[PDB]
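The structure appears right after this line, and notes come after that.
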Amino acid sequence: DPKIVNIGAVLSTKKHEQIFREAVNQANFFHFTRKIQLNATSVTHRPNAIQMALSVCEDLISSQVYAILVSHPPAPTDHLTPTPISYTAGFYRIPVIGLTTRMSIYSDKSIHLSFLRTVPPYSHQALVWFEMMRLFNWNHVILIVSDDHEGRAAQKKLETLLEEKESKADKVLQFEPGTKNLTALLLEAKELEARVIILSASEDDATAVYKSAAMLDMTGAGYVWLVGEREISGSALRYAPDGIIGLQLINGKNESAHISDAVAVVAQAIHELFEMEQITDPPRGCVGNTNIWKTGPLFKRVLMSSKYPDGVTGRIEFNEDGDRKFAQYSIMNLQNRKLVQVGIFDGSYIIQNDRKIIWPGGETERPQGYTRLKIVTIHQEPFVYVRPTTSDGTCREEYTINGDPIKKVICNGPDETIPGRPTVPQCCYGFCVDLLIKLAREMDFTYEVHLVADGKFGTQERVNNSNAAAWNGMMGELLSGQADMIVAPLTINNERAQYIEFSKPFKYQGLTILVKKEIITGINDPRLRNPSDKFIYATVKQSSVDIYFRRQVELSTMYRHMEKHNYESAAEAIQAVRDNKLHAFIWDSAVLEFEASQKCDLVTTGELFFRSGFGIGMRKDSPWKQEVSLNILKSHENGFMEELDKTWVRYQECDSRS
Amino acid sequence: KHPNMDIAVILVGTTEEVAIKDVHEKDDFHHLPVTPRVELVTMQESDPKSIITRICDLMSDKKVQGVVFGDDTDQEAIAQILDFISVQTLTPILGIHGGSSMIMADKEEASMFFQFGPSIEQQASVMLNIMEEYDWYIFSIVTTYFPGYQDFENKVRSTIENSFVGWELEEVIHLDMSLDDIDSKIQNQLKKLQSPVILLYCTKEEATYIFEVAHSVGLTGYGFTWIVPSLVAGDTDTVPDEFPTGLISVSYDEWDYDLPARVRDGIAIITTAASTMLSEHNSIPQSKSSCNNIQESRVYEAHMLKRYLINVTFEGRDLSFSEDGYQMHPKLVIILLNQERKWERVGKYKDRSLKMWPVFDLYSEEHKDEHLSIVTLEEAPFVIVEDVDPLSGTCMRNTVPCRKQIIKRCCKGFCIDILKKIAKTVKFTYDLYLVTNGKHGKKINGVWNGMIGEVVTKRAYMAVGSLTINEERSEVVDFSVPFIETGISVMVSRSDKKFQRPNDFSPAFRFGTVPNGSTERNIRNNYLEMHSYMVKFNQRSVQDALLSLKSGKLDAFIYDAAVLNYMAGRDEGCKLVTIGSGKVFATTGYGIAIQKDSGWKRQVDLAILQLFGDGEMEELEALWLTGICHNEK
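If you read the sequences in order, they're chains A and B.
Counted the way PDB author numbering counts, the first sequence spans residues 23 to 392, 396 to 544, 654 to 792.
Counted the way PDB author numbering counts, the second sequence spans residues 26 to 388, 391 to 433, 446 to 533, 650 to 788.
Structure below.
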């Protein structure tokens with residue numbers, strides 16, 4: 023026997039109702055009519071919400087609909103005019119499928135739990151932006167949203183996309199709808215370094231946004247705009263800036279394609295459904311039924327999982343919220359103040375149409391995106410060199426062993442040459458300097474460098490009450506802000522690490538000992663373990679090695695022997711061994727090995743212990759370090775560092791002596 | 026001149042056809058400037074169509090400016106429906122009982138709707154007060170996608186963060202009732218949670234399913250207890266026994282004030298708001314009620330009414346609302362499910378403060396709890412089994428008892456002493472026994488063996504011994520930090652690839668190790684040929700392996716470095732020595748088993764290095780580990 027299974031819908035016009043019934047009949051014809059048949063019922067949109075809800079309970083549900091389809095009316099009234107149905111069907115858990123509601127507020131399962139759609143919401147558009155952001159490599163952007171479920175949802179979605187990556191809130195900007203003047207907020211926006219912008223708002227709001235934005239000339243080049251379908255359309259189109267990037271969903275305007283496809287999916291879902299048993303018909307009529315329909319959630323479950331990838335609208339699959347997946351958008355450009363398709367986006371991957379890219383203002387191609398750094402250093406021979414600028418004249422044309430001219434920069438630092446100690450203008454050239462300028466070409470930043478007043482890099486010290494003062498030295502300048510970033514040969518350790526962010530290591534090295542070759655078993659040397667007043671072992675007080683000695687309990691006994699006869703600076707420490715004043719010297723290899731090459735009268739011995747790395751200091755709060763490490767790694771992969779160590783480590787004359 | 030307002034009220038249910046009509050409205054507090062004009066209507070069972078039609082029908086030309094709704098029903102949905110009408114009409118509506126009183130999604134700000142149920146936030150607060158009263162510190166939350174989630178999760182988060190006490194939130198679960206489950210996905214999650222005190226949040230109907238599932242899971246029993254908001258209990262008149270007994274929940278009391286008194290409160294609120302709005306603007310609140318046409322003009326002006334209506338007071342009683350439309354602090358009662366079907370009150374709670382009746386046990392070391400049995404195996408010097416003096420009948424001196432299922448054996452040695460000091464420091468007591476199957480853990484095909492098995496079977500909490508460390512065992516069980524320097528090593532009389656092939660050397664060479672060892676497994680992992688060759692040279696026991704080395708017929712022996720070094724020091728003649736400096740590859744140390752991420756864990760670790768921290772280990776090394784050989788040094 024046949025069984026007539028009703029379906030119901032609310033559509034714009036009677037012609038579309040006929041289209042609906044036609045699609046339904048196509049579903050009946052093409053699937054078993056012996057077992058089951060599908061029947062179609064529909065109604066035009068009503069002027070208020072109430073006439074329509076009454077229509078659902080009376081005109082539709084009296085027909086025992088297994089599901090309802092809904093479309094946006096010819097003249098949109100307020101927004102989300104298909105709000106009532108999702109509630110009304112929802113009471114009985116009758117699944118609802120919207121054709122034209124791109125509105126985001128339906129994505130929350132909590133409020134609308136029966137709601138599914140053949141179109142993705144405006145929030146899901148962010149999928150494009152992330153992919154867009156992905157291609158062009160701008161990690162830094164700005165987001166401008168209206169304040170409502172729509173804008174906040176868009177923000178949540180994009181941020182969630184970013185969450186997989188290091189979370190990126192470069193900046194976020196919230197404004198409230200209906201506000202004609204937005205100027206102040208954009209004034210706040212300009213201060214943010216990131217030069218790329220993305221916005222979501224209503225057409226009327228967007229007019230005000232572009233109107234305010236043009237006043238501050240943010241529509242200019244070096245700035246990028248990414249936007250929603252609504253923004254490019256309407257009055258907003260009229261006031262829209264040139265070179266903007268824009269989105270349009272495919273078949274968004276058409277109900278009918280979505281009709282044929284939605285009904286096709288419904289049919290597949292039902293035919294898949296009746297394969298299951300313990301089914302119940304939906305409640306007959308609104309009247310007399312206070313109870314939900316147990317099947318409805320199941321119908322939703324199959325319908326969300328219902329495949330049928332081939333469809334008039336494109337691929338069909340449904341996300342958790344019941345929102346559509348893998349929808350296709352067509353990117354749009356404002357060229358010559360007119361809409362053009364620069365490319366089209368389908369699936370998870372963007373597609374580039376043959377048309378030339380446009381950016382705002384004049385660009386043949388211009389993907390541009392994203396002011397001072399005070400840098401501090403210490404006098405360490407291998408990675409930094411100090412000579413004063415000759416008179417007023419600046420720096421020597423002196424050349425590396427590989428024929429290249431040596432680069433150099435000006436640095437203000439402590440001078441012991443005068444009896445009093447003036448902060449003296451000086452010329453400094455180094456491995457770290459070449460690295461810094463390498464970054465400076467890579468990075469938007471500009472650099473001015475002055476050496477720290479204290480010869481020490483840094484160590485915690487001074488007064489007892491509370492915690493008083495701060496670690497003396499360049500590090501202290503970093504927290505103080507005297508220098509915002511520290512470029513030097515700094516070992517990286519946890520005690521320091523809590524206070525500040527650390528760049529990924531440019532170099533990898535460990536402590537070791539220098540002793541003259543010409544006639654120390656381990657990091658643990660019985661000879662160290664058997665200290666002698668006769669056999670000295672020397673270090674610098676306040677050198678990080680000393681922090682290793684103080685902080686570590688296990689060797690804490692051994693520290694004191696080292697503490698005796700300490701030297702103030704690196705040159706004096708090497709000299710003592712050279713002068714033979716001190717039989718042994720202990721320091722990290724990166725500074726030491728270069729010297730080992732430099733003399734060969736002296737040698738390094740044993741295995742690098744306290745294995746560590748050297749990195750560039752920044753405050754945790756500063757995001758530039760995120761790029762720095764990102765840059766450091768990029769410098770490692772190409773072998774830039776290897777060639778720089780190859781340049782600055784001479785290796786010329788020395789060997790294993792024995 | 027005479028300002029008579031127009032008002033309507035409805036009752037549903039009441040368990041009567043001929044539900045008590047117009048019991049109230051009788052003039053009270055007539056002094057209020059506007060006098061109420063009332064039309065009362067009742068309808069038997071709730072529907073979206075029936076309610077919408079009727080309320081609009083009463084609207085007609087009638088022009089009512091306010092509505093109060095009341096129900097016998099347990100239904101969650103009703104409130105939202107009437108709220109929707111309010112959004113459409115801008116005509117105030119509130120409700121005094123049942124579903125309308127039951128919580129709902131956050132109300133649209135423009136919309137006007139009020140409920141005499143408590144705020145979600147307030148309810149969560151009361152749930153917290155209840156847990157604090159019984160001092161149940163540790164709890165989890167099971168929730169559903171129904172509205173108010175995350176307003177609830179947030180409210181709990183806010184309420185919890187502020188308090189000093191070290192309470193624990195264990196898990197939060199969000200499950201969609203939609204996409205109803207074949208998977209029993211709710212069963213699959215719910216099964217996970219181990220916490221004693223559970224807060225549940227959902228629709229009245231959902232609680233039933235979650236509870237049947239909990240009954241399958243075993244969550245309703247024995248020491249676990251559940252606590253519930255207003256919605257699940259609803260009316261409290263009808264209670265499927267699918268709900269477990271001892272279920273704890275808050276609700277408004279019928280006894281304190283009957284439904285007509287509550288309706289009187291509603292009418293009083295509407296007419297008081299009318300009187301105050303009058304006093305402010307001297308303006309009639311009355312407006313055209315008809316929904317079908319566009320909302321009447323100057324009704325848009327109505328917003329201020331809401332602004333006035335939020336807090337209202339009469340009869341020395343405060344009706345003050347919250348931005349959401351729930352009343353700020355209605356009186357509330359703590360209720361429990363008495364045995365059988367009874368809902369019997371336990372507590373009263375009002376305003377800031379709560380009071381509860383029962384003293385104790387409603388419905391052993393303070394610092395720490397339970398007991399730990401330990402398994403070991405005998406190896407010299409570290410763990411030595413000795414036979415106790417039969418005349419004495421029990422163990423002597425340092426020896427601690429250990430039992431082996433096959446008889447009491449007496450264990451003493453390095454593991455016994457280290458364990459003893461550790462037990463003294465962390466202050467716990469423990470049972471020690473000997474392993475039967477496979478000694479130190481061994482893998483045949485898919486399955487583990489040995490002490491590790493008893494650690495996995497939870498027949499042992501911690502395993503102690505000469506056990507070496509490896510990636511696999513560290514993966515399955517947390518290990519203590521190494522107390523001693525040890526590893527693989529060689530012992531012979533007196650990477651070169653001489654080990655790699657015997658065949659390269661024309662005379663046959665020989666080396667072997669004990670099977671089922673971490674050494675043999677490591678060997679098989681890294682070096683196959685060595686394993687496949689050495690299987691012939693494998694020996695029964697370390698004493699026997701020693702027999703193969705000592706009497707000839709074997710050249711080299713390979714074994715744990717600590718044992719080989721102690722044996723280097725201790726030999727009947729100094730006929731045996733270590734390899735090179737005895738500097739061992741696969742540098743490792745003896746660890747100790749634990750179950751998993753949950754364990755006393757770090758507390759153990761500290762204890763261990765305190766042992767070296769006082770220098771005891773050097774003494775213990777000289778006593779137990781030090782051998783006489785290596786005498787020429």
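Where a beta carbon is used, it is the ideal one built from N, C-alpha and C, also for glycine.
With respect to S312/B, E321/B sits close: the two C-beta atoms are nearer than 8 Å. Between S132/A and chain B, the shortest Cβ-Cβ separation is below 8 Å.
Taking a beta-carbon distance threshold of 8 Å, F113/A counts as an interface residue toward chain B.
Assignment of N765/A by DSSP, reduced to helix, strand and coil, places it in the helix class. Interface flag for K74/B against chain A is set, since a Cβ pair is found closer than 8 Å. When DSSP states are grouped into helix, strand and coil, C788/A belongs to the coil group. For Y261/A, the secondary structure class from DSSP, reduced to helix, strand or coil, is helix. The beta carbon of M326/A sits closer than 8 Å to some beta carbon of chain B. DSSP places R421/A in the coil class of the three-state scheme, outside both helix and strand. Across the set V194/A, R56/A, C436/A, the C-alpha of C436/A shows the shortest separation from the C-alpha of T448/A. Rounded to the nearest angstrom, the gap between the Cα atoms of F42/A and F137/A is 19 Å. Interface residue (Cβ-Cβ distance to chain A less than 8 Å): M202/B is classified as such.
Residue range 29–37 is occupied by the beta strand (DSSP E) that includes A33/B. The count of Cβ pairs closer than 8 Å, one atom from the segment 720–730 of chain A and one from the segment 495–505 of chain A, stays below three, leaving the stretches out of contact. Residues of chain A whose Cβ lies closer than 7 Å to the Cβ of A102/B are, in chain order, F113. When the Cα atoms are used, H146/A and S189/A turn out to be separated by approximately 18 Å. When secondary structure is reduced to three states using DSSP, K229/B falls in the helix class. Going by C-alpha positions, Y682/A is about 11 Å away from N519/A.
Of all C-beta pairs linking the segment 244–262 of chain B to the segment 330–347 of chain B, fewer than three are shorter than 8 Å, placing the two stretches out of contact. Between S188/B and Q212/B a beta carbon distance of about 33 Å is seen, past the 8 Å cut, so the two are scored as non-contacting. Only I77, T78, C81 from the segment 77–92 of chain B bring a Cβ to less than 8 Å from some Cβ of chain A. For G310/A, the nearest CB of chain B lies under 8 Å from its own CB, placing it at the interface with that chain. Here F666/B carries a strand assignment [DSSP, helix/strand/coil]. Put simply, of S673/B, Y325/B, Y351/B, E326/B the residue whose alpha carbon is nearest the alpha carbon of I335/B is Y351/B. Residues of the segment 151–172 of chain B whose Cβ lies closer than 8 Å to any Cβ of chain A, in chain order: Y170, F171, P172. Judged by beta-carbon spacing, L82/A lies within the 8 Å limit of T63/A, meaning their Cβ atoms are closer than that value. The Cβ of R323/A sits closer than 8 Å to at least one Cβ of chain B. For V190/B, no alpha helix (DSSP H) segment is defined, and its DSSP state is neither H nor E. When the Cα atoms are used, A705/A and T396/A turn out to be separated by approximately 36 Å.
Rounded to the nearest whole angstrom, the CA to CA distance from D509/A to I670/A is 39 Å. Among the residues of chain A, those whose CB is under 9 Å from the CB of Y174/B are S132, following chain order. Residue pairing by DSSP puts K399/A in a beta bridge opposite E473/A. When secondary structure is reduced to three states using DSSP, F171/B falls in the coil class, being assigned neither helix nor strand. If you draw a straight line from the Cα of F467/B to the Cα of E393/B, it comes to about 13 Å. Within the segment 309–357 of chain B, the complete alpha helix (DSSP H) runs of at least 4 residues fall at 328–334.
DSSP places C457/A in no beta strand (DSSP E) but in the uninterrupted alpha helix (DSSP H) bounded by 456–467.
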